[PDB]
Every structure is written in C-alpha cells, then in structure tokens.
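This document opens with one chain alone, in structure tokens, the form deposited in one PDB entry.
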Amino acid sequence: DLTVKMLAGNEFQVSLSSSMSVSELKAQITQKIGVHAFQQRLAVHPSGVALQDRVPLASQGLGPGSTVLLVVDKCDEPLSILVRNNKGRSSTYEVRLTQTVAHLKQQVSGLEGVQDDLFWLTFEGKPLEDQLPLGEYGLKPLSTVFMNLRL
C-alpha cells in the first residue's frame, strides 16, 4: 500500500498493482477521492521532490509503505475554445478545464440547436467522454473540437 498525504494532514491509502506507475497512481487517487488526474501534483515525502509521470514509482525514491504528497492544482482559469459543427461552422465557447465534457455539450446543444445525444465531440482524433473534465484532453485557447453526428 501507498500513503497519500494532503495539505492539512488528511491521509488515505492506495494499492498499486501489478506494477508501479505514476499514471496509475493518479487514476487511483481519482477513484478514491475524486480529484481529476490533470490537477494532481504528486511529490515524494519527505523529500518534497515532484514525481515524474514517465519513471515508475519503484525506480524512484518511492516504494511500499512510503508516503506521497498530493497538492491539488485547481486549473480553473477561464479560456475559450472552438467547436466546429457538421457544416464546418466554428463557434467560440467560454469554458473551464474543470467542467465536464457533458457541460460543453450542453453549451453546444443550445447554440447549434441540436440535441446532445444526437452528436459527440472529438479532439485530435479521439472522442471526448461525457463524464470526463475538459482538462483531461489538454485543450488550449482556440483549440478546435469537432462535432460528429449520430444517426
């Protein structure tokens, strides 16, 4: 088991299997306490040195029974993106990375005048999932999300 320590002393445990990996640690934390992965800043205790997403946890100064530090970077600074409708017409939307893909779709529905279950969004080839926050897809100012029509 691994111990996660947050600001103000709160603690909880995480089980890492089969092998150690930063990417998985964050996914684990997300399931435990609901903190989005892209907001997680992990550091070794008591070193205070940030973990590195690439290198596994065993290959670092980290292992079993060791403590990690979690600080949550809100990453909720407003920004604007573009969503291109089926006809090729792109419109801007004010969003925050902490809002859900579902919330962006509600914004797109109203503007584009199309029911949300009648389409899905894609960014850089891959589809966006309703339950996930926009920040998981690394969207940037005036990025172009594409609208795709169901049947």
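We number the residues from 1 along the sequence you see.
27-35 and 108-116 differ in mean CA B-factor, and the higher of the two is recorded for 108-116.
Legend: mean Cα B-factor per stretch from the PDB entry, 47-55 versus 118-126; the higher mean is in 47-55. Across the residues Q40, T92, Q60, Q99, the deposited record lists the maximum Cα B factor for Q60. When the modelled residues of the chain are ordered by their C-alpha B factor, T3 lands in the highest third. In this PDB entry, the Cα temperature factor of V14 sits in the top third of its chain's modelled residues, the highest group. Ranked by C-alpha B-factor against the other modelled residues of its chain, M20 falls in the highest third.
The discussion below concerns the form deposited in another entry, not included here.
Rigid-part rearrangement between the shown form and the other one places its hinge, out of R41, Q107, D116, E77, at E77. Look at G138 and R54: in the other entry their Cα atoms come 3 Å or more closer than in this form. In the other entry, the CA atoms of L128 and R54 draw together by 3 angstroms or more relative to this form.
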